[PDB]
Structures are given as C-alpha cells and as structure tokens.
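Presented as structure tokens, the chain that follows is alone, the form deposited in one PDB entry.
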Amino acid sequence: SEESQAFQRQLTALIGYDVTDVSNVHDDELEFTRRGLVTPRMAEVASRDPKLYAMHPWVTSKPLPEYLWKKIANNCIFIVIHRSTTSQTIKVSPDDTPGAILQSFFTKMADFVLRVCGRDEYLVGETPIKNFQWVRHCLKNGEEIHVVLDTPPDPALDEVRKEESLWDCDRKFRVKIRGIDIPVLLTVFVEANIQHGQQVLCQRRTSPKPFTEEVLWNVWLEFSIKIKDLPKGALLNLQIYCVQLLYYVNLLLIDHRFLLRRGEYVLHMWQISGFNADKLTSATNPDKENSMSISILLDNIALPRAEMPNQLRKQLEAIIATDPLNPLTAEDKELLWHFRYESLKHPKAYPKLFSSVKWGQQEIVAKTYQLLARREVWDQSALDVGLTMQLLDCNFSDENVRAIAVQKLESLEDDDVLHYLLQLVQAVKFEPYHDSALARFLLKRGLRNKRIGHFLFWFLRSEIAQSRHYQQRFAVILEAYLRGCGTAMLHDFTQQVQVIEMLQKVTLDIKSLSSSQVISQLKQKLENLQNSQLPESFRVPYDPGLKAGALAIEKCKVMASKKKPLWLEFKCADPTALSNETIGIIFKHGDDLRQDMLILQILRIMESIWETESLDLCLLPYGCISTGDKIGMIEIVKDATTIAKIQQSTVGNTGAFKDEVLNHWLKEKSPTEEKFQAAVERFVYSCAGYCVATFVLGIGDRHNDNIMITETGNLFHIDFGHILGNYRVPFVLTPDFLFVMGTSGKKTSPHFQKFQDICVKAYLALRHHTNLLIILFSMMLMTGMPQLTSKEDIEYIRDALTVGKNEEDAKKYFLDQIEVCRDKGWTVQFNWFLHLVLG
C-alpha cells in the first residue's frame, strides 16, 4: 500500500530507529519476533474495555494508609464539583463509587463523567473513591478535590489501524575460527567461551599471533561439551585479549527456532570502555567502517523422595535464608540439588536452587524440568517481587525458569506494574532471545493501560536512542506497542516527540556558545518556535496528566553551571486548571539523566515500603525522563532553593558556613507560625527520609549544591547523575540542619529525637525488604552504571542493610552513622567546596 508506507515512516521516527533495516543483522530473529508479537498484541487490543481504556483511571487496591485516614474530618470527604463557572461542595464517604456520587446529584441539585480539573485524569468505573490515586495525593498534600463534569471521550479514537535431532550426536562441539581483522591499529588471541547466564561451561584459547590488521588461524577450536549437552540460551562468547581484553561479541548456538546454529559468520565486535549488561548482547556492532571483526565457521540438528537429617536440614535453612548476593560454595550447591524436592517447598530458595544447576548437562536439565512440573507451592505462594526479579536477572538464562517469574508478575495490578516498570524494561537486557515472556508481558500491560503504555514508550525510546547494544530488540518491542495503542495515543506521542526534539536542538545549541548576549539568542529562538513549529500544546512525558501549552517566554532562562541547562516554563494548556502555576521543565545536556531515573524509581519504591506501615517520610522524587545521550528533561519543583545558595546569601567567594542560616530562612519564608512549625516537621521528616535512603543507596556523601529544600519545608536531593557518573560521611546531616531540629552542637532536643526515632523506624522498615532492595541495586548497577560495577561495588549494600544482624544490633549501627555526622560537622562540605567550586 501507499498509506502503509506512510506508517512505516511514522513509526520509524517515533521509535527513532528503522526496524526494517536489515544490514546489522546475521539472521531473521528480529523479523521472526516482529512477526511473533502480532498475536499477543492483537489479543490485548481485542480484549480491552474500550471505555475504561479511554479514560485510564489511576487506581489502587492497597489499604488506604493510616496517616491519611487520620487526616479525615469524619468518614467525610469534600469534593468540589465545577461545571460552567459555579461550584457545589458535596459531602461523600470514602467508600462511595464515582457512579454513585452522581446519585448524589441527579437527585440533589435538580450520562456524565468526572474529570480532575486541569488534568487528564477521570474518576470512573466501580472503585471506592478512597482508591483513586488523585484522591490520595490530595489527602496528603491537603489540597481540595476539584472536578469538572463532562463528556466521556470517544472510545472510537483508540482505533487501531487494521492489518492481516540434537539429543543424539554425542559429538564434542567445535568452532572453526578463520581469523580477525581491524581497520586501523603486538601479540593477540581469540578467546571463545560457551556460557549460560554467567555459568561459563567450556573454554578454549587461540595461539597468540603477531598483532596485525589481519590475523588468520583457520583453527578448529574443539570444545569439551557435547552437541547434545548444549542448552537453549547458550551463548558463544568471543573475546579478544592482547594481557587485556579489548573486543567482544556473542552468538546464540541454539537459534530462535530451536535449531543448532550452522554455517559461516563474520561479526563486528564491540570495543571496551575507559560486569555490565552490554557484554551480554546478541547484537553486532553496526559501525563497519571502524569495528574490529571476527570470522568463523560452524560444523555442517534440532533441540527437542527420601528423608532428611537434622543438621543438613539446618545447613539448608541457612543457605535458603541467606541474602541474594552471598555466593555458594560447591558444597552448598551440591546440597540444594540433592534435596531439591525439599528445596522446592520454599519459594525463597528458587534462585539459589536454580543456580545450583549444571546447565551444561542434558539429563540435569530434564530433572530440572521434572521439578518444574511440581511447581505447586510457588504458583500458590503470595507474590514476592524481589524473589521474582531475581529469576529475571543476568544469572538465569533458561527460558522456562525465567517464564515462572513472569507468570508470577501477571498477578500485579497496574499501580504495582508502574512501580517496577523501569526495572522490568531494563530486565529485558538479560533475556537470551528477542521474544520472551517478559517482552510480551511488558507489551500486554502497556497496551492495556495508557499510563503504563505512556511510560513504556519513553523508557523504550530512551534505551533505543542511546543503546547500540539493545536498540534493535527494543525497537521491535516499541513498534509492537505502537501498532496497537490507538491513533489517539499515536497522534499524541507524535506531538510529544516533535516538541522535545525541538527543545533539544535549542539546548545543545545554547550550550555551544560559552552572559548577557546569550539571554537574547535564547529568547530569539524561543519565539522562533511559538509559531507553526510548536503545536498548540502537548502532554508532559514525566507526568502524562499535564497538558503544556504556550511557552511562558519571559520566565525561560539559561542557568549558571558548567552545563548550561535550559530552564523553561509552560502555561498550562488546560483551561479547567484552577491556577496559573505554570509547568516548569529543565532541559539538560552533559549528565547521565538515566542514572537519575533508576534512583528516583527506587525512591518511589522506598516510599511505598514506608506506606505499608503508615510511615510517610516526605520524599520528592521529581519526574525525570532521559531522552537521549547525556540529555533529557527534569521536573521543576516549585519554590525551592539549593542549600549552598541559601548559604551563599551570607557569603559566596568563601562559604565559611554559618550554622544559623537555614532556620532563619524558614522563619523568613514562613507566613503564619502554625506553618513554620509544620515546615520544621516536614524538614525533619524529609531529611530523615533522604538520610536513610541516601544512606542505603550509597550516594549519601553529597555536597549542599546538590541538595534542595522547598519554601514549605521539604528537603530533597537532586542530580544523581553527577556522583554516580564520576565516583567521608555516610550522608549530609549538617549543623544548619541540626540547628533547625533545635540542637546547636552536641546537645539533644525533642525534635532531634523525633528525627532519630524516625530514621530507625525507617531504617528497619527497609530491612524487611533486604532482598528486594539488594536485587534492584544489583540490577541498577548492571544496567545503568558504567565501569563502577566491579563486584565490591554491589556488596556495598550488604553492609549498609547490615545483613546478618538482628533488629537491635541494627538500631545501634544506624545511630553510629548519625554520629559520624555530629562528629564531622562542616569538614566534608568544606572539602567539597574546595574541590567543586575551586580545588
């Protein structure tokens, strides 16, 4: 078709990569997968309720926590319905359905849908109003709940554009190397490995030859594994050391069709930088003008109850009970396997057990499967995500094991799927194949909920636009989602992309020039754009509810830092919006906004752990979307400053920090005094919040420049990309912080103990999720952190969370940590000032 060519040009510029382009491919896997997704995509589209999908209610089944119940007047919530101009303030019960809140109207001030004013959120379908996210957001931050009444949007706008044996030869496996060759340049050798999720099964080397632009061997490297002892998901890792490694590449030996790989391959290899998830990618380096290559040939076949002691039991229970990161001696691993039927009665163990498998052995594998048919306890166990993520990481490469974890994630409601989304997406870099339970899961879920679908889009787009190792695979998943999400959404994503592409040119261009002149160019270009370049409005990608209209040009300015971020403001586009509080977004280049993303996502997780215990530690995990490479957008938190700049009030050229200043500033910026006291509380709550979390994530030692506070009390950290991209005190708890809590020095106050009492309830609440927190951290480093991966980097968290220790020992350690701060006072900050501002 013609208006089908049309499409594949559109997608190709939403996606940001051309999924039809076949050069950088040595087989039809992406194609196969492109085709493969078509049935789970269509199936989900043919399944959604067109109404409930049109209005995308943001809803939760979690128990409405205490702190919010308490903030109630008496089983009585106030809702201010608007319409033309006038209002109406109905008294309603938290348990009242939104359909019913009209039987409190069609029979009160004497069909219609209820949209949150100024947002694209709707209160609909059978849920107790207590259960809507926006309601909860209103009860905490204590605003009123305003709603416009209007027409349901037309479900027909979510219209989708139509379209239609190896278990025998006991041959030892072998690899003919031919040789290697590289555009422009010693001693050198191919190293070949046969791997299954980090378990390295076999291994050979080549005889070191002089290092020249072409080096040939014609060797048969013969392996010790047998053609039938090969497992689906086995990679042939090829590497080139010269002794240091310089280049890598991988190839599956069992292709996506269950067929052993045959024939002739020439592969463009990946270079090194300056472990991580890119050394695992089945994708070859697109750059050919410059990439090192390796030539190979392939052989010239399809893949188809005892008792127990009383001390071994206690060796097992120890083993099972240990954290995810503690390694297992061969002695440990032989034990798990032997008593595997008993090992299966505990979900907690599946990781460790499935790691005890000798995957390079055909019969072991089968008994493994035999085990998996006896999966009962698991299928029945209450879903635990930390455990479930574990089976999705780089260690597990059996499709079927990975599959049991993904079946366990099917049981997550959308609220929860939004919490873990970013890590689940990253988790795709660990899938051996392109088409997996995990990718389809992500697919279904995005196609079933515009909110999830919105973020899925940016997450995938983010990886695509900067990962050369995963773009293809990700590009195929994106396209699958685009072809099923409705032209409504489709057209909506298009506006979004146009704008943010517009805005990056500006960012990078302003960056190129470096001052009074500049202010002008900025203003010049920003009105160059409010014509027929910029469309009239667009959704905010970090918050899909917010319609941004016109660029509030005056307020837009360029900032004062090494990187010259563009501070922008946006008139809300929605006229039902009961305020003029513009939308603030910062466009930055030069920092790994990704790293920020991962951290923030863990921040939002910590909050929803403290909530399981009616604890609210007042975090501000501001919206952050990475758009490209060292480039993206950040949400602006209103009415905030940097702690360094509050210090700069009373000195700049120096920062001879004074302890009085912050509490002066709060008093200075507090209207009544009922407020000032709340503000001081929110500080104490926020500050304790960041103190713990910052601590556990091991990005606690920062400098006041990177710490902000709102005019209303709330403290929060920013610019995570900085230290994680570059990398003593455990965390910033300065004297000026103390002074506010009412303790100049080594005294004590009813506010400080409040604080110190909060950190502990806090520090102990997370420890109930040791495993979870550990695995996420482990993953975040593999997927997002370059080089600072070692292994001892990972183990950092094992210390912080203090694996092994009982609750009491645990309270002591965090209190100690609070002490190194009381000790060091201003030292470290003053050290940073030296370093950062001058040294």
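Between two forms, the rigid core is defined as the largest C-alpha subset superposing within 1.5 Å. Residue indices: 1-based, along the sequence shown.
Notably, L303 is an intermittent gap: at least a third of the other compared entries of this protein, restricted to those modelling both its neighbours, have no coordinates for it.
Judged by the one-third criterion across other entries of this protein, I194, modelled here, is also modelled in every one of those that cover both its neighbours.
Gap check for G274 to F275: 4 to 9 deposited residues are absent from the model.
In terms of unmodelled positions of the deposited sequence, the stretch from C242 to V243 in this entry skips 10 or more residues. When 49-57 is weighed against 782-790, 782-790 comes out higher, by mean CA B-factor as recorded in the entry. Look at the C-alpha B-factors of 680-688 and of 629-637. On average they run higher in 680-688. Per the deposited coordinates, the residue with the largest Cα temperature factor out of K450, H664, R261, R468 is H664. As recorded in the PDB entry, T85 shows the highest C-alpha B-factor of the residues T694, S397, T85, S608.
When the CA B factors of the chain's modelled residues are split into thirds, the value for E819 lands in the highest one. Looking at the C-alpha B-factors along this chain, the one for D543 belongs to the lowest third. Split the chain's modelled residues into thirds by C-alpha temperature factor. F777 is in the lowest one. For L513, the recorded CA temperature factor ranks within the highest third of the chain's modelled residues.
In the deposited entry, the Cα temperature factor of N653 sits in the top third of values across the chain's modelled residues.
Although not depicted, the form deposited in another entry is the subject of the following passage.
Once you line up the core between this form and the one not shown, the CA of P210 is the only one from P210, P575, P750, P327 that shifts by 2 Å or more. Core-aligned CA deviation for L788 between this form and the one not shown: 2 Å or greater.
Shown here is a form in which the CA atoms of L201 and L788 lie at least 3 Å farther apart than they do in the other form.
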